[PDB]
Every structure is written in structure tokens, then in C-alpha cells.
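Participant: Once you've had a glance at the structure underneath, I'll fire off some questions.
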Amino acid sequence: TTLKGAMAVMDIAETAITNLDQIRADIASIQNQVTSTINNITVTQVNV
Amino acid sequence: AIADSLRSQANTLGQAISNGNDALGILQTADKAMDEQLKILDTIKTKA
Amino acid sequence: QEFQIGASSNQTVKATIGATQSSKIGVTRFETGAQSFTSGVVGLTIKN
């Protein structure tokens, strides 16, 4: 509701976007790891 | 992450364009309004 | 008065339109000296 308040909310929103990106990257990391595990397990089960 | 940063920056610049257009509107209003004051002052000097 | 025109936080242009009432625009400065009864060579010097 004020000018400087707006220019501060801008930075706060930018920081929020940064944080959410940082968290989504961790979700993606775990997901890729799990996919690789699943492929290797699917092959090892057939061989066993 | 890079795509989200670039999307944020593109949207911010898109809104900044509208802010600039509003600034132009205000300044043009004031400028074109000063003209009648100029002519009135000229007339005052002529009458004096 | 500011107008955010930047992708980041505090880019802006500033407008400071002066006042234009009739009590604040044309303000001249008059001066007048006493009646000079003496003669002689004179050299003025306006300072600043």
C-alpha cells in the first residue's frame, strides 16, 4: 500500500521464487535417483 | 530455475512498460496543460 | 515521484514538477537608492 513497501515486496517475492526453485530441485534430484534405482532393480529381478 | 527467473524478469519488464506509459501519460498531461498558462502570461504582458 | 521501470527492485525515474500557482512564479527583485546629491567617478561591482 506504499511505494517503498512495493519495492520491498518485490525483493521478498524474488527471494520466495528462489527458495521454491531450490526446493523443487531437491524433489527432482530424489526423483531421478529413484528412477535409476527402479531400472536397475527391474533388470536384477529378471536375472535373479 | 533459469527459465523461472527469465519468466519473472520478462513479466516484470512487461509491467514496467505499462508503468513507463503511465508516466508518459501524466507528464504529457502536465506539459500540454502548461501551454495555456504560457499564453495567458503573454496576454498579461501585452495588456500591461 | 517514482516510476518503477526495472526488472530488479529499485530502478526508477523521478518527476519533480515545480509549483505553478500565480503566487509563486513571477517574483522579481526591485532596488532603489537614495537621492544622490554628490558627484564623482563611480564604478559598480555586482558580486556573485
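In the C-alpha cells, the first chain shown is A, the next is B, and so on; residue numbers restart at 1 for each chain, and ligands run from 1 in the order shown.
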Using only C-alpha atoms, find which residues of chain A lie within 9 Å of chain B and jot them down as a ChimeraX atom specification.
Facilitator: /A:14,17-18,21-22,25
Participant: What are the residues of chain C that have an atom within 12 Å of an atom of chain A, counting only C-alpha atoms, as an MDAnalysis selection string?
Facilitator: chainID C and resid 1:12
Participant: Export N, CA and C atoms of the chosen residues as an mmCIF file, in the first residue's frame?
Facilitator:
data_model
loop_
_atom_site.group_PDB
_atom_site.id
_atom_site.type_symbol
_atom_site.label_atom_id
_atom_site.label_comp_id
_atom_site.auth_asym_id
_atom_site.auth_seq_id
_atom_site.Cartn_x
_atom_site.Cartn_y
_atom_site.Cartn_z
ATOM 1 N N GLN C 1 8.403 11.775 -7.217
ATOM 2 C CA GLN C 1 7.536 10.650 -7.526
ATOM 3 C C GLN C 1 8.268 9.666 -8.423
ATOM 4 N N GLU C 2 8.164 8.388 -8.088
ATOM 5 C CA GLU C 2 8.912 7.334 -8.747
ATOM 6 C C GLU C 2 8.035 6.576 -9.729
ATOM 7 N N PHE C 3 8.692 5.831 -10.617
ATOM 8 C CA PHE C 3 8.012 5.005 -11.613
ATOM 9 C C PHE C 3 8.920 3.808 -11.890
ATOM 10 N N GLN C 4 8.625 2.689 -11.239
ATOM 11 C CA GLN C 4 9.458 1.504 -11.384
ATOM 12 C C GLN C 4 9.504 1.052 -12.835
ATOM 13 N N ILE C 5 10.696 1.078 -13.426
ATOM 14 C CA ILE C 5 10.880 0.697 -14.822
ATOM 15 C C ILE C 5 12.004 -0.316 -14.975
ATOM 16 N N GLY C 6 12.228 -1.146 -13.961
ATOM 17 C CA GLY C 6 13.343 -2.063 -13.981
ATOM 18 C C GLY C 6 12.928 -3.468 -13.596
ATOM 19 N N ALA C 7 13.717 -4.430 -14.073
ATOM 20 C CA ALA C 7 13.473 -5.823 -13.726
ATOM 21 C C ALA C 7 13.767 -6.097 -12.261
ATOM 22 N N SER C 8 14.736 -5.399 -11.692
ATOM 23 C CA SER C 8 15.123 -5.595 -10.304
ATOM 24 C C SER C 8 14.336 -4.625 -9.423
ATOM 25 N N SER C 9 14.782 -4.437 -8.182
ATOM 26 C CA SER C 9 13.947 -3.803 -7.170
ATOM 27 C C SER C 9 13.795 -2.307 -7.406
ATOM 28 N N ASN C 10 14.893 -1.563 -7.371
ATOM 29 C CA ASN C 10 14.825 -0.116 -7.215
ATOM 30 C C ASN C 10 15.353 0.634 -8.430
ATOM 31 N N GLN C 11 14.990 0.193 -9.627
ATOM 32 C CA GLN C 11 15.157 1.037 -10.798
ATOM 33 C C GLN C 11 13.936 1.926 -10.948
ATOM 34 N N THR C 12 14.164 3.204 -11.225
ATOM 35 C CA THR C 12 13.045 4.129 -11.279
ATOM 36 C C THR C 12 13.482 5.438 -11.911
#
Participant: Rank nothing, just name the residue among B:23, B:13, B:31, B:6 nearest to residue 14 (chain C), using only C-alpha atoms.
Facilitator: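 For residue 14 (chain C), the nearest of the given residues is B:23.
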Participant: Pick out the chain B residues within 9 Å of chain C. Count only C-alpha atoms. Give them as a list in words.
Facilitator: residues 8, 9, 10, 11, 12, 13, 15, 16, 17, 18, 19, 20, 22, 23, 27, 30, 34 and 37 of chain B
Participant: Please indicate the distance in Å from CA of residue 48 (chain C) to CA of residue 30 (chain C), rounded to one decimal place.
Facilitator: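 Computed distance, CA of residue 48 (chain C) to CA of residue 30 (chain C), equals 17.3 Å.
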Participant: Between CA of residue 19 (chain C) and CA of residue 1 (chain A), what is the spacing in Å?
Facilitator: 26.5 Å
Participant: I need the residues of chain C that end up classed as strand (DSSP E or B) by DSSP on the backbone, written out as number ranges by chain.
Facilitator: C: 2-4, 12-14
Participant: Could you work out how far CA of residue 29 (chain B) lies from CA of residue 28 (chain C), giving the answer in Å with one decimal?
Facilitator: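 It comes out at 28.6 Å.
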